[PDB]
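Content type PDB, C-alpha atoms and all ligand atoms, from the file start.pdb:
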ATOM      1  CA  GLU A  56      11.020 -13.809  27.786
ATOM      2  CA  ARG A  57       8.810 -13.255  24.743
ATOM      3  CA  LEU A  58       5.222 -12.591  23.668
ATOM      4  CA  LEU A  59       5.146 -15.315  20.995
ATOM      5  CA  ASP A  60       5.130 -18.837  22.369
ATOM      6  CA  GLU A  61       6.803 -20.022  19.163
ATOM      7  CA  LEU A  62       8.167 -18.317  16.047
ATOM      8  CA  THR A  63       5.533 -19.627  13.639
ATOM      9  CA  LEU A  64       2.229 -18.581  12.125
ATOM     10  CA  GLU A  65       0.549 -20.713  14.801
ATOM     11  CA  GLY A  66       2.410 -18.761  17.463
ATOM     12  CA  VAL A  67       1.243 -15.474  15.920
ATOM     13  CA  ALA A  68      -2.364 -16.668  15.770
ATOM     14  CA  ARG A  69      -2.334 -17.703  19.443
ATOM     15  CA  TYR A  70      -0.873 -14.314  20.378
ATOM     16  CA  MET A  71      -3.520 -12.585  18.259
ATOM     17  CA  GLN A  72      -6.267 -14.254  20.316
ATOM     18  CA  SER A  73      -4.571 -13.485  23.667
ATOM     19  CA  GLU A  74      -5.452 -10.498  25.835
ATOM     20  CA  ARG A  75      -2.163  -8.799  24.938
ATOM     21  CA  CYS A  76      -2.829  -8.347  21.197
ATOM     22  CA  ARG A  77      -5.135  -5.367  20.926
ATOM     23  CA  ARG A  78      -3.694  -3.098  18.249
ATOM     24  CA  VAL A  79      -2.363  -4.223  14.862
ATOM     25  CA  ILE A  80      -0.436  -2.086  12.361
ATOM     26  CA  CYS A  81      -0.287  -3.378   8.783
ATOM     27  CA  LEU A  82       2.548  -2.356   6.450
ATOM     28  CA  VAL A  83       1.695  -3.314   2.884
ATOM     29  CA  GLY A  84       3.297  -3.066  -0.536
ATOM     30  CA  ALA A  85       2.849  -4.055  -4.169
ATOM     31  CA  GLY A  86       2.789  -7.759  -3.361
ATOM     32  CA  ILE A  87      -0.726  -7.516  -1.897
ATOM     33  CA  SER A  88      -2.119  -6.230  -5.230
ATOM     34  CA  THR A  89      -0.405  -8.373  -7.884
ATOM     35  CA  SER A  90      -3.146 -10.996  -7.508
ATOM     36  CA  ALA A  91      -5.694  -8.216  -8.260
ATOM     37  CA  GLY A  92      -4.001  -7.722 -11.612
ATOM     38  CA  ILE A  93      -2.014  -4.633 -10.598
ATOM     39  CA  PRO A  94       1.638  -4.993 -11.683
ATOM     40  CA  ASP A  95       4.480  -4.286  -9.297
ATOM     41  CA  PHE A  96       5.707  -1.209 -11.118
ATOM     42  CA  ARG A  97       9.158  -1.730  -9.504
ATOM     43  CA  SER A  98       9.705  -5.346 -10.616
ATOM     44  CA  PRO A  99      11.643  -5.695 -13.934
ATOM     45  CA  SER A 100       9.123  -8.269 -15.284
ATOM     46  CA  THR A 101       6.912  -5.133 -15.670
ATOM     47  CA  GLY A 102       9.367  -2.875 -17.609
ATOM     48  CA  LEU A 103       7.645   0.457 -16.780
ATOM     49  CA  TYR A 104      10.526   2.679 -18.005
ATOM     50  CA  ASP A 105      10.265   1.038 -21.502
ATOM     51  CA  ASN A 106       8.706   2.415 -24.732
ATOM     52  CA  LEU A 107       8.965   5.985 -23.300
ATOM     53  CA  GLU A 108      11.189   7.001 -26.255
ATOM     54  CA  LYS A 109       8.428   9.042 -28.000
ATOM     55  CA  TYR A 110       8.090  11.383 -24.987
ATOM     56  CA  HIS A 111      11.684  12.673 -25.277
ATOM     57  CA  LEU A 112      12.073  12.681 -21.526
ATOM     58  CA  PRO A 113      15.308  14.322 -20.294
ATOM     59  CA  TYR A 114      15.577  11.147 -18.122
ATOM     60  CA  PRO A 115      13.180   8.193 -17.581
ATOM     61  CA  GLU A 116      11.921   9.320 -14.139
ATOM     62  CA  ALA A 117      10.862  12.734 -15.485
ATOM     63  CA  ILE A 118       7.425  11.222 -16.207
ATOM     64  CA  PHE A 119       6.954  10.998 -12.405
ATOM     65  CA  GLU A 120       8.696  14.293 -11.576
ATOM     66  CA  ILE A 121       6.572  17.173 -10.359
ATOM     67  CA  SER A 122       8.453  19.901 -12.243
ATOM     68  CA  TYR A 123       8.282  18.042 -15.567
ATOM     69  CA  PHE A 124       4.613  17.116 -15.051
ATOM     70  CA  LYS A 125       3.646  20.753 -14.522
ATOM     71  CA  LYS A 126       5.347  21.765 -17.810
ATOM     72  CA  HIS A 127       4.566  18.657 -19.924
ATOM     73  CA  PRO A 128       1.762  16.592 -18.329
ATOM     74  CA  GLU A 129       0.830  14.713 -21.517
ATOM     75  CA  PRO A 130       3.338  11.810 -21.137
ATOM     76  CA  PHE A 131       2.196  10.970 -17.606
ATOM     77  CA  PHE A 132      -1.462  10.924 -18.649
ATOM     78  CA  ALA A 133      -0.781   8.858 -21.777
ATOM     79  CA  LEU A 134       1.033   6.331 -19.593
ATOM     80  CA  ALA A 135      -1.817   6.380 -17.067
ATOM     81  CA  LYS A 136      -4.269   5.498 -19.843
ATOM     82  CA  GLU A 137      -1.992   2.725 -21.146
ATOM     83  CA  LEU A 138      -1.729   1.078 -17.707
ATOM     84  CA  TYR A 139      -5.174   1.900 -16.288
ATOM     85  CA  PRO A 140      -6.430  -1.253 -14.488
ATOM     86  CA  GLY A 141      -9.304  -3.095 -16.132
ATOM     87  CA  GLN A 142     -10.983  -3.614 -12.767
ATOM     88  CA  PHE A 143     -10.458  -2.551  -9.143
ATOM     89  CA  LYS A 144     -11.089  -5.772  -7.226
ATOM     90  CA  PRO A 145      -9.225  -5.978  -3.890
ATOM     91  CA  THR A 146      -7.572  -9.220  -2.845
ATOM     92  CA  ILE A 147      -8.064 -11.627   0.044
ATOM     93  CA  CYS A 148      -5.269  -9.699   1.734
ATOM     94  CA  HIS A 149      -7.173  -6.392   1.487
ATOM     95  CA  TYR A 150     -10.334  -7.972   2.892
ATOM     96  CA  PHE A 151      -8.280  -9.539   5.679
ATOM     97  CA  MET A 152      -7.462  -6.079   6.870
ATOM     98  CA  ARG A 153     -11.124  -5.073   6.557
ATOM     99  CA  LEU A 154     -11.796  -7.980   8.933
ATOM    100  CA  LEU A 155      -9.146  -6.642  11.316
ATOM    101  CA  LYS A 156     -11.018  -3.322  11.223
ATOM    102  CA  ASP A 157     -14.389  -5.014  11.806
ATOM    103  CA  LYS A 158     -12.999  -6.826  14.856
ATOM    104  CA  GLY A 159     -11.602  -3.596  16.349
ATOM    105  CA  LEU A 160      -7.973  -4.738  15.940
ATOM    106  CA  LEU A 161      -6.765  -2.409  13.170
ATOM    107  CA  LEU A 162      -4.792   0.558  14.466
ATOM    108  CA  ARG A 163      -3.510   1.623  11.045
ATOM    109  CA  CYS A 164      -2.608   0.397   7.572
ATOM    110  CA  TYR A 165       0.481   2.010   6.075
ATOM    111  CA  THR A 166       0.484   1.355   2.331
ATOM    112  CA  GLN A 167       3.012   1.957  -0.446
ATOM    113  CA  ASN A 168       0.342   1.355  -3.085
ATOM    114  CA  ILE A 169      -1.511   3.992  -5.134
ATOM    115  CA  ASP A 170      -4.169   1.658  -6.537
ATOM    116  CA  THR A 171      -7.019   2.569  -4.076
ATOM    117  CA  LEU A 172      -7.788  -1.077  -3.273
ATOM    118  CA  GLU A 173      -7.514  -0.503   0.499
ATOM    119  CA  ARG A 174     -10.378   2.022   0.234
ATOM    120  CA  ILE A 175     -12.489  -0.189  -2.044
ATOM    121  CA  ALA A 176     -12.030  -3.027   0.500
ATOM    122  CA  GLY A 177     -13.546  -0.747   3.139
ATOM    123  CA  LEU A 178     -10.664   0.879   4.979
ATOM    124  CA  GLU A 179     -11.547   4.482   5.765
ATOM    125  CA  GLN A 180      -9.292   7.494   5.394
ATOM    126  CA  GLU A 181      -8.692   7.502   9.177
ATOM    127  CA  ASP A 182      -7.398   3.896   8.993
ATOM    128  CA  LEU A 183      -4.913   4.649   6.219
ATOM    129  CA  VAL A 184      -1.523   6.195   5.720
ATOM    130  CA  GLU A 185      -1.018   6.250   1.944
ATOM    131  CA  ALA A 186       2.730   6.781   2.058
ATOM    132  CA  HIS A 187       3.017   7.326  -1.707
ATOM    133  CA  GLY A 188      -0.388   8.964  -2.096
ATOM    134  CA  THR A 189      -3.257   7.602  -4.124
ATOM    135  CA  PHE A 190      -5.127   7.826  -7.428
ATOM    136  CA  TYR A 191      -8.401   7.872  -5.437
ATOM    137  CA  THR A 192      -8.498  11.679  -5.316
ATOM    138  CA  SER A 193      -6.902  14.345  -7.474
ATOM    139  CA  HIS A 194      -6.313  18.046  -6.871
ATOM    140  CA  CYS A 195      -5.944  21.196  -8.867
ATOM    141  CA  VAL A 196      -2.236  22.017  -8.601
ATOM    142  CA  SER A 197      -2.766  25.739  -7.948
ATOM    143  CA  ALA A 198      -2.017  26.537  -4.309
ATOM    144  CA  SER A 199      -4.786  29.158  -4.150
ATOM    145  CA  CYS A 200      -7.445  26.730  -5.428
ATOM    146  CA  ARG A 201      -6.734  23.045  -4.713
ATOM    147  CA  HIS A 202     -10.188  21.958  -5.954
ATOM    148  CA  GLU A 203     -10.554  18.197  -5.365
ATOM    149  CA  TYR A 204     -11.777  15.769  -8.038
ATOM    150  CA  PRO A 205     -12.811  12.119  -7.679
ATOM    151  CA  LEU A 206     -11.353   9.222  -9.640
ATOM    152  CA  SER A 207     -14.428   8.976 -11.897
ATOM    153  CA  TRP A 208     -13.792  12.516 -13.162
ATOM    154  CA  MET A 209     -10.081  11.837 -13.640
ATOM    155  CA  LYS A 210     -10.818   8.535 -15.452
ATOM    156  CA  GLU A 211     -13.071  10.242 -18.011
ATOM    157  CA  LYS A 212     -10.354  12.780 -18.833
ATOM    158  CA  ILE A 213      -7.655  10.101 -19.044
ATOM    159  CA  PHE A 214      -9.582   7.858 -21.415
ATOM    160  CA  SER A 215     -10.821  10.699 -23.612
ATOM    161  CA  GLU A 216      -7.164  11.858 -23.863
ATOM    162  CA  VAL A 217      -8.132  15.318 -22.588
ATOM    163  CA  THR A 218      -5.529  16.767 -20.256
ATOM    164  CA  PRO A 219      -7.430  17.327 -16.974
ATOM    165  CA  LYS A 220      -7.852  21.013 -16.112
ATOM    166  CA  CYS A 221      -9.520  22.588 -13.093
ATOM    167  CA  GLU A 222     -13.074  23.808 -13.739
ATOM    168  CA  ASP A 223     -12.572  26.769 -11.368
ATOM    169  CA  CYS A 224      -9.157  28.049 -12.464
ATOM    170  CA  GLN A 225      -8.043  25.879 -15.462
ATOM    171  CA  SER A 226      -4.784  24.782 -13.789
ATOM    172  CA  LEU A 227      -3.682  21.179 -14.211
ATOM    173  CA  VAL A 228      -5.368  18.595 -11.995
ATOM    174  CA  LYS A 229      -2.943  15.943 -10.657
ATOM    175  CA  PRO A 230      -3.707  12.558  -9.093
ATOM    176  CA  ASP A 231      -2.747  12.626  -5.411
ATOM    177  CA  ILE A 232       0.295  10.382  -5.849
ATOM    178  CA  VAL A 233       3.623  11.650  -4.459
ATOM    179  CA  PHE A 234       5.688  12.573  -7.544
ATOM    180  CA  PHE A 235       9.451  12.911  -7.424
ATOM    181  CA  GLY A 236      10.226  16.393  -6.165
ATOM    182  CA  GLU A 237       7.310  16.221  -3.724
ATOM    183  CA  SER A 238       7.622  15.343  -0.049
ATOM    184  CA  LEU A 239       6.006  12.347   1.589
ATOM    185  CA  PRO A 240       2.722  13.388   3.265
ATOM    186  CA  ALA A 241       3.114  14.966   6.697
ATOM    187  CA  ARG A 242       0.509  12.481   7.933
ATOM    188  CA  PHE A 243       3.070   9.708   7.390
ATOM    189  CA  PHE A 244       5.421  11.201   9.974
ATOM    190  CA  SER A 245       2.799  12.391  12.460
ATOM    191  CA  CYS A 246       0.945   9.077  12.451
ATOM    192  CA  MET A 247       4.187   7.119  12.815
ATOM    193  CA  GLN A 248       5.110   9.153  15.919
ATOM    194  CA  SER A 249       1.827   8.231  17.649
ATOM    195  CA  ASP A 250       0.941   4.819  16.267
ATOM    196  CA  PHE A 251       4.116   2.989  17.189
ATOM    197  CA  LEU A 252       3.673   3.884  20.873
ATOM    198  CA  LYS A 253       0.493   1.778  20.792
ATOM    199  CA  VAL A 254       1.176  -1.204  18.512
ATOM    200  CA  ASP A 255       0.929  -4.835  19.710
ATOM    201  CA  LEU A 256       1.606  -6.601  16.382
ATOM    202  CA  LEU A 257       3.185  -5.550  13.101
ATOM    203  CA  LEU A 258       1.789  -7.336  10.026
ATOM    204  CA  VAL A 259       4.162  -6.764   7.086
ATOM    205  CA  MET A 260       2.652  -8.001   3.817
ATOM    206  CA  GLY A 261       3.813  -7.911   0.199
ATOM    207  CA  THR A 262       6.738  -5.559   0.598
ATOM    208  CA  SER A 263      10.466  -6.193   0.161
ATOM    209  CA  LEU A 264      11.272  -3.418   2.687
ATOM    210  CA  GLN A 265      13.817  -1.803   0.361
ATOM    211  CA  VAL A 266      12.267   1.648  -0.185
ATOM    212  CA  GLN A 267      12.972   4.284   2.504
ATOM    213  CA  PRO A 268      11.616   5.754   4.713
ATOM    214  CA  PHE A 269       8.807   3.157   4.493
ATOM    215  CA  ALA A 270      11.187   0.293   5.294
ATOM    216  CA  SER A 271      12.451   2.022   8.444
ATOM    217  CA  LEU A 272       8.947   1.688   9.932
ATOM    218  CA  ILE A 273       9.757  -1.807  11.195
ATOM    219  CA  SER A 274      12.431  -0.289  13.464
ATOM    220  CA  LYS A 275       9.836   2.003  15.110
ATOM    221  CA  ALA A 276       8.073  -0.884  16.836
ATOM    222  CA  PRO A 277       8.679  -1.447  20.550
ATOM    223  CA  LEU A 278      11.270  -4.146  21.187
ATOM    224  CA  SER A 279       8.627  -6.624  22.400
ATOM    225  CA  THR A 280       6.187  -6.217  19.489
ATOM    226  CA  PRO A 281       5.998  -9.363  17.298
ATOM    227  CA  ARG A 282       6.476  -8.776  13.576
ATOM    228  CA  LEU A 283       5.004 -11.169  10.989
ATOM    229  CA  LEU A 284       6.190 -10.993   7.364
ATOM    230  CA  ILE A 285       3.835 -12.518   4.765
ATOM    231  CA  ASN A 286       5.769 -12.277   1.511
ATOM    232  CA  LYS A 287       7.033 -14.360  -1.405
ATOM    233  CA  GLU A 288      10.626 -13.777  -0.172
ATOM    234  CA  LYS A 289      12.289 -13.160   3.165
ATOM    235  CA  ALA A 290      12.947  -9.448   3.618
ATOM    236  CA  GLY A 291      13.947  -6.889   6.214
ATOM    237  CA  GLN A 292      17.119  -8.433   7.636
ATOM    238  CA  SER A 293      20.110  -6.245   8.361
ATOM    239  CA  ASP A 294      22.312  -5.819   5.298
ATOM    240  CA  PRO A 295      25.851  -7.164   5.952
ATOM    241  CA  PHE A 296      27.308  -4.692   3.407
ATOM    242  CA  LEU A 297      26.381  -1.645   5.521
ATOM    243  CA  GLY A 298      27.760  -2.805   8.891
ATOM    244  CA  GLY A 304      19.828  -2.434  13.920
ATOM    245  CA  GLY A 305      16.121  -3.042  14.300
ATOM    246  CA  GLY A 306      16.201  -5.341  11.267
ATOM    247  CA  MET A 307      14.214  -8.563  11.051
ATOM    248  CA  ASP A 308      15.771 -11.559  12.854
ATOM    249  CA  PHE A 309      13.890 -14.699  11.795
ATOM    250  CA  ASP A 310      16.497 -17.408  11.979
ATOM    251  CA  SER A 311      19.307 -16.756  14.457
ATOM    252  CA  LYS A 312      19.540 -18.316  17.908
ATOM    253  CA  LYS A 313      18.748 -14.785  19.196
ATOM    254  CA  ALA A 314      15.442 -14.598  17.276
ATOM    255  CA  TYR A 315      12.530 -13.956  19.602
ATOM    256  CA  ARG A 316       9.712 -12.091  17.858
ATOM    257  CA  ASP A 317       9.978 -12.082  14.044
ATOM    258  CA  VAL A 318       8.212 -14.666  11.873
ATOM    259  CA  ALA A 319       8.365 -15.185   8.095
ATOM    260  CA  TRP A 320       5.603 -16.915   6.141
ATOM    261  CA  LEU A 321       6.874 -17.410   2.590
ATOM    262  CA  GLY A 322       4.340 -17.584  -0.198
ATOM    263  CA  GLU A 323       1.621 -15.613  -1.898
ATOM    264  CA  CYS A 324       0.082 -12.942   0.325
ATOM    265  CA  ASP A 325      -3.460 -14.218  -0.336
ATOM    266  CA  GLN A 326      -2.499 -17.725   0.750
ATOM    267  CA  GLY A 327      -0.718 -16.456   3.865
ATOM    268  CA  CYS A 328      -3.649 -14.311   4.969
ATOM    269  CA  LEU A 329      -5.960 -17.245   4.277
ATOM    270  CA  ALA A 330      -3.798 -19.497   6.454
ATOM    271  CA  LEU A 331      -3.766 -16.956   9.279
ATOM    272  CA  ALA A 332      -7.540 -16.378   9.059
ATOM    273  CA  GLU A 333      -8.064 -20.149   9.110
ATOM    274  CA  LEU A 334      -6.006 -20.494  12.320
ATOM    275  CA  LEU A 335      -8.005 -17.623  13.840
ATOM    276  CA  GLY A 336     -11.379 -19.201  13.023
ATOM    277  CA  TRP A 337     -12.103 -16.425  10.516
ATOM    278  CA  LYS A 338     -11.957 -18.415   7.256
ATOM    279  CA  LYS A 339     -15.714 -18.548   6.694
ATOM    280  CA  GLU A 340     -16.073 -14.859   7.600
ATOM    281  CA  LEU A 341     -13.277 -13.957   5.163
ATOM    282  CA  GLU A 342     -14.639 -16.095   2.304
ATOM    283  CA  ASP A 343     -18.146 -14.688   2.814
ATOM    284  CA  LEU A 344     -16.852 -11.111   2.752
ATOM    285  CA  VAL A 345     -14.623 -11.617  -0.297
ATOM    286  CA  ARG A 346     -17.265 -13.498  -2.287
ATOM    287  CA  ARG A 347     -19.861 -10.838  -1.528
ATOM    288  CA  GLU A 348     -17.597  -7.882  -2.312
ATOM    289  CA  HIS A 349     -16.197  -9.524  -5.471
ATOM    290  CA  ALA A 350     -19.724 -10.316  -6.649
ATOM    291  CA  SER A 351     -20.769  -6.712  -6.054
ATOM    292  CA  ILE A 352     -17.756  -5.385  -7.978
ATOM    293  CA  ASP A 353     -18.225  -7.910 -10.798
ATOM    294  CA  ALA A 354     -21.842  -6.765 -11.157
ATOM    295  CA  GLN A 355     -21.073  -3.021 -11.498
TER     296      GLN A 355
HETATM  297  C1  LIG B 401      -2.060   1.612 -11.202
HETATM  298  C2  LIG B 401      -3.108   2.646 -11.537
HETATM  299  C3  LIG B 401      -4.172   2.880 -10.705
HETATM  300  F1  LIG B 401      -4.247   2.166  -9.559
HETATM  301  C4  LIG B 401      -5.180   3.767 -10.990
HETATM  302  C5  LIG B 401      -5.123   4.468 -12.182
HETATM  303  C6  LIG B 401      -4.066   4.266 -13.053
HETATM  304  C7  LIG B 401      -3.053   3.362 -12.740
HETATM  305  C8  LIG B 401      -1.889   3.217 -13.683
HETATM  306  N1  LIG B 401      -0.654   3.914 -13.169
HETATM  307  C9  LIG B 401      -0.877   5.391 -13.068
HETATM  308  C10 LIG B 401       0.314   6.076 -12.438
HETATM  309  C11 LIG B 401       1.603   5.721 -13.174
HETATM  310  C12 LIG B 401       1.767   4.215 -13.320
HETATM  311  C13 LIG B 401       2.087   3.558 -11.981
HETATM  312  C14 LIG B 401       3.291   4.091 -11.333
HETATM  313  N2  LIG B 401       3.403   5.021 -10.449
HETATM  314  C15 LIG B 401       4.762   5.052 -10.218
HETATM  315  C16 LIG B 401       5.385   5.954  -9.237
HETATM  316  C17 LIG B 401       4.621   6.900  -8.560
HETATM  317  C18 LIG B 401       5.185   7.689  -7.571
HETATM  318  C19 LIG B 401       6.528   7.545  -7.241
HETATM  319  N3  LIG B 401       7.106   8.330  -6.212
HETATM  320  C20 LIG B 401       8.071   7.945  -5.342
HETATM  321  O1  LIG B 401       8.543   6.811  -5.319
HETATM  322  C21 LIG B 401       8.528   8.984  -4.368
HETATM  323  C22 LIG B 401       8.386  10.349  -4.608
HETATM  324  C23 LIG B 401       8.845  11.281  -3.691
HETATM  325  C24 LIG B 401       9.448  10.842  -2.530
HETATM  326 CL1  LIG B 401      10.056  12.011  -1.388
HETATM  327  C25 LIG B 401       9.600   9.498  -2.265
HETATM  328  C26 LIG B 401       9.140   8.572  -3.185
HETATM  329  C27 LIG B 401       7.295   6.602  -7.917
HETATM  330  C28 LIG B 401       6.728   5.816  -8.905
HETATM  331  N4  LIG B 401       5.450   4.193 -10.918
HETATM  332  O2  LIG B 401       4.458   3.533 -11.684
HETATM  333  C29 LIG B 401       0.547   3.630 -14.018
HETATM  334 ZN    ZN B 402      -8.188  25.154  -9.573
END

Take the structure in the file and give it back as structure tokens.
Amino acid sequence: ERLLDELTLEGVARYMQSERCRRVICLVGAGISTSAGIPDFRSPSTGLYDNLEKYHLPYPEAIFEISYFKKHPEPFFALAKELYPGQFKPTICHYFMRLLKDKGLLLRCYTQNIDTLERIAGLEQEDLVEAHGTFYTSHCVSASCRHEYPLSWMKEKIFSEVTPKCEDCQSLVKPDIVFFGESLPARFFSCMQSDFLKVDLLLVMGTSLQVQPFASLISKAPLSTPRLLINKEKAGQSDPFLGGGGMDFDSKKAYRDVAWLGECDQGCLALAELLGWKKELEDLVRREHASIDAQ
């Protein structure tokens, strides 16, 4: 009747080491980076849209709006300096998906985060769908130029409080995050159309599944595909206030969805431990953290 022998983390681990679990898709959000020191810029405890009074924005979201940025880029870049992370050290959760890659299990990681930590942890561009873009690369905004700049160039401009301009054409250079007024990357839709024909397990980590169209990804899985949520709070259930592919963890009809409630790092650690990967994961994290700490 069902691919999981029980609706628990133990059931997921046994399935993961069975011949049927070949291809894993990860869907990740801000909750996998809060333990790296990166705030969830959508939680209120952060208060992003505060102290923006001096910029005289026609509305708070203008600082992330493409049309405003191209006319007045100085507020966005002042904010980017104010909130620039002190370090880019990926979490146990990020290195868990590097292990998935190493073991040939990672089909794709779809991320809502812009903080580059998936790449630092060793996921390659082919492994990634950065649904909201990334700060890792930046581009000249002129359509006839589009010169690409790395984060180290963009960092120097941001901290020196020099508005970044293209060396070839002197247009603005923008970090590759999807501003309001921009479309999600086409790669998001083309990869979704192919990847979800092939997926054996959906690993949903550190996302409340409230932002669309990212949240709708869970409904693209085949009906048999198990879905494991590792998150501080249960998420993804159908919303009774809207009257369908949502998460069913707890009903007598539940058959494939599992919720592990806690910190993402601790959940990934628990899953790795069940899989026999705990020493591999600790060795990788300790080595990569030491290398980053020594930069
Ligand atoms: C962290 C970091 C980092 F890693 C590396 C360097 C610096 C920073 C600091 N960092 C620099 C960016 C601004 C701020 C974090 C932040 N970015 C946002 C944000 C960005 C994009 C969107 N776009 C959408 O949601 C969207 C758009 C179009 C469509 Cl169709 C659908 C959705 C919304 C909010 N909010 O806060 C501080
Ligand atoms: Zn240019």

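With distances taken over only C-alpha atoms and all ligand atoms, A:199 is the one residue among A:106, A:199, A:90, A:166 lying closest to ligand ZN 402 (chain B).
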
Can you give me, as a ChimeraX atom specification, the residues this file yields under the PyMOL selection byres (((chain A and resi 247-262) around 7) and not hetatm)?
/A:76-87,243-246,263-264,275-276,280-286,324

Do a neighbour search on residue 69 in chain A at 10 Å with only C-alpha atoms, toss out local chain neighbours closer than 6 positions, and write the hits as a PyMOL selection string.
chain A and resi 59-61+63+76+334-335

Taking all atoms listed in the file into account, produce a table as CSV in which each residue of chain A with an atom at most 8 Å from an atom of ligand ZN 402 (chain B) appears once, together with its shortest atom pair and the distance in Å to one decimal, ordered by chain and rising number.
residue,atom,partner,partner_atom,distance
A:194,CA,B:ZN402,ZN,7.8
A:195,CA,B:ZN402,ZN,4.6
A:196,CA,B:ZN402,ZN,6.8
A:197,CA,B:ZN402,ZN,5.7
A:199,CA,B:ZN402,ZN,7.6
A:200,CA,B:ZN402,ZN,4.5
A:201,CA,B:ZN402,ZN,5.5
A:202,CA,B:ZN402,ZN,5.2
A:220,CA,B:ZN402,ZN,7.7
A:221,CA,B:ZN402,ZN,4.6
A:222,CA,B:ZN402,ZN,6.6
A:223,CA,B:ZN402,ZN,5.0
A:224,CA,B:ZN402,ZN,4.2
A:225,CA,B:ZN402,ZN,5.9
A:226,CA,B:ZN402,ZN,5.4
A:227,CA,B:ZN402,ZN,7.6
A:228,CA,B:ZN402,ZN,7.5

Spell out the residues picked by the PyMOL selection byres (((not hetatm)) within 7 of (chain B and resi 401)) here, as JSON, numbers by chain.
{"A": [93, 96, 103, 119, 131, 134, 135, 136, 138, 139, 140, 169, 170, 171, 187, 190, 232, 233, 234, 235, 236, 237, 238, 239]}

Selection to disk with C-alpha atoms, as a tab-separated table (two decimals), keeping the file's coordinate frame:
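This went into result31.tsv:
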chain	number	residue	atom	x	y	z
A	93	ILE	CA	-2.01	-4.63	-10.60
A	96	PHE	CA	5.71	-1.21	-11.12
A	103	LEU	CA	7.64	0.46	-16.78
A	119	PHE	CA	6.95	11.00	-12.40
A	131	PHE	CA	2.20	10.97	-17.61
A	134	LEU	CA	1.03	6.33	-19.59
A	135	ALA	CA	-1.82	6.38	-17.07
A	136	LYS	CA	-4.27	5.50	-19.84
A	138	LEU	CA	-1.73	1.08	-17.71
A	139	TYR	CA	-5.17	1.90	-16.29
A	140	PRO	CA	-6.43	-1.25	-14.49
A	169	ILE	CA	-1.51	3.99	-5.13
A	170	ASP	CA	-4.17	1.66	-6.54
A	171	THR	CA	-7.02	2.57	-4.08
A	187	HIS	CA	3.02	7.33	-1.71
A	190	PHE	CA	-5.13	7.83	-7.43
A	232	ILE	CA	0.30	10.38	-5.85
A	233	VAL	CA	3.62	11.65	-4.46
A	234	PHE	CA	5.69	12.57	-7.54
A	235	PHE	CA	9.45	12.91	-7.42
A	236	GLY	CA	10.23	16.39	-6.16
A	237	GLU	CA	7.31	16.22	-3.72
A	238	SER	CA	7.62	15.34	-0.05
A	239	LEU	CA	6.01	12.35	1.59

Shortest interatomic distance to residue 160 in chain A - which of A:71, A:328, A:107, A:318, counting all atoms listed in the file:
A:71

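Our summary of the geometry notes that CA of residue 180 in chain A is positioned 12.3 Å from CA of residue 162 in chain A.
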
Decode the PyMOL selection byres (((chain A and resi 325) around 7) and not hetatm) for the given file into explicit residues and return them as a list in words.
residues 146, 147, 148, 323, 324, 326, 327, 328 and 329 of chain A

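One distance worth recording is that between CA of residue 272 in chain A and CA of residue 165 in chain A, which is 9.3 Å.
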
Can you work out which one of A:99, A:306, A:141, A:205 has the shortest atom-to-atom distance to residue 289 in chain A, counting all atoms listed in the file?
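Among A:99, A:306, A:141, A:205, it is A:306 that comes nearest to residue 289 in chain A.
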
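Minimum atom-to-atom distance to residue 95 in chain A, evaluated using only C-alpha atoms, belongs to A:167 out of A:137, A:216, A:130, A:167.
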
Please put the answer as AutoDock Vina command-line options: centre and edge lengths, in Å with one decimal, of a box along x, y and z that encloses all listed atoms of range 320-337 of chain A plus 5 Å on each side.
--center_x -2.6 --center_y -16.7 --center_z 6.0 --size_x 29.0 --size_y 17.6 --size_z 25.7

Using all atoms listed in the file, which of the listed residues (A:305, A:219, A:115, A:177) sits closest to residue 150 in chain A?
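The shortest atom-to-atom distance to residue 150 in chain A comes from A:177.
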
How many Å lie between CA of residue 176 in chain A and CA of residue 145 in chain A, rounded to one decimal?
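It comes out at 6.0 Å.
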
Fewer than 3 positions away in the same chain doesn't count, so skip those; otherwise give me all residues within 12 Å of range 109-114 of chain A, counting only C-alpha atoms, as a list in words.
residues 104, 105, 106, 117, 118, 119, 120, 122, 123, 124, 126, 127, 128, 129, 130, 131, 132, 133 and 134 of chain A

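Distance check against residue 273 in chain A using only C-alpha atoms: of A:288, A:294, A:317, A:116, the minimum falls on A:317.
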
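Contact shell of residue 154 in chain A at 9 Å (only C-alpha atoms; same-chain neighbours under 5 positions omitted): residues 149, 159, 160, 161, 337, 340, 341 and 344 of chain A.
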